[PDB]
Structure formats: C-alpha cells, structure tokens
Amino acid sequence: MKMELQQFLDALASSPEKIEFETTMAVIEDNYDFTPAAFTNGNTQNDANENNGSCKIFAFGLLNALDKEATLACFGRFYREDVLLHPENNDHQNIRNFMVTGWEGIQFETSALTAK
C-alpha cells in the first residue's frame, strides 16, 4: 500500500475495515503532488491547508472515483471508531458531514492533487 496505488486500491476494495489513516496518507504522499486547497463539505468549510488529511482523502477519492463507503474507509479508525461508534458526538466534522451529504456535498475551490 504505502507506496503503490493499485495495491492500496485493491486492499481498500477487499478489506476497507482494515485500512488505517496513516496508510491512506502514505499512498497519497507517495503517488501525488499535493497542493493545499479550500473545499466545502456539506455544512463545513475548510480553508486551504485546513483539515489537510480530509482534503487529501476527498481529492484522492475524486481522482479515483471512490464510492462514499470506500472514501470513509480511507479515514481508518477516525471513521470506524471515533465517528461510526459515536453518533451523538461532533468529533471530526469532515467525516460526519460527508456521511450525510456524501460526494454531492464536496466541492473543491481548486485542485488538490496531481499524479506524480
């Protein structure tokens, strides 16, 4: 995963419950050039350089035509544990907002990633 895209993508397709935020970060960093971008995500607005981890997953899920579920898997434990196990909390508003509004709620002001 960490350096090669397709294996990550296959793992994500095979065993989403098993990917970890740091493995998404690794893949994205090893395969894309990142440029900070503002983006909105349903209710939330991220300025450039803000919630970069989220910025990376959304932009990577856009390049990769990831469905809503696989995109949430990319957030690893912050999704599977912090957020999914706790509906009454307001922890990690990019995850919580994407769960509601999904890909329709995402909107980049500018392109965040380009393949190396």
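When you see a residue number, it is the position in the sequence shown, counting from 1.
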property: Mean Cα B-factor comparison, 90-98 or 11-19, giving the higher one as deposited; result: 11-19
property: Lowest, middle or highest third - CA B-factor, residue 47; result: lowest
property: Third assignment of residue 83 from its chain's C-alpha B-factors; result: middle
property: Third assignment of residue 56 from its chain's C-alpha B-factors; result: lowest
property: Third assignment of residue 41 from its chain's C-alpha B-factors; result: middle
property: Chain third (lowest, middle, highest) by recorded CA B-factor, residue given as residue 31; result: middle
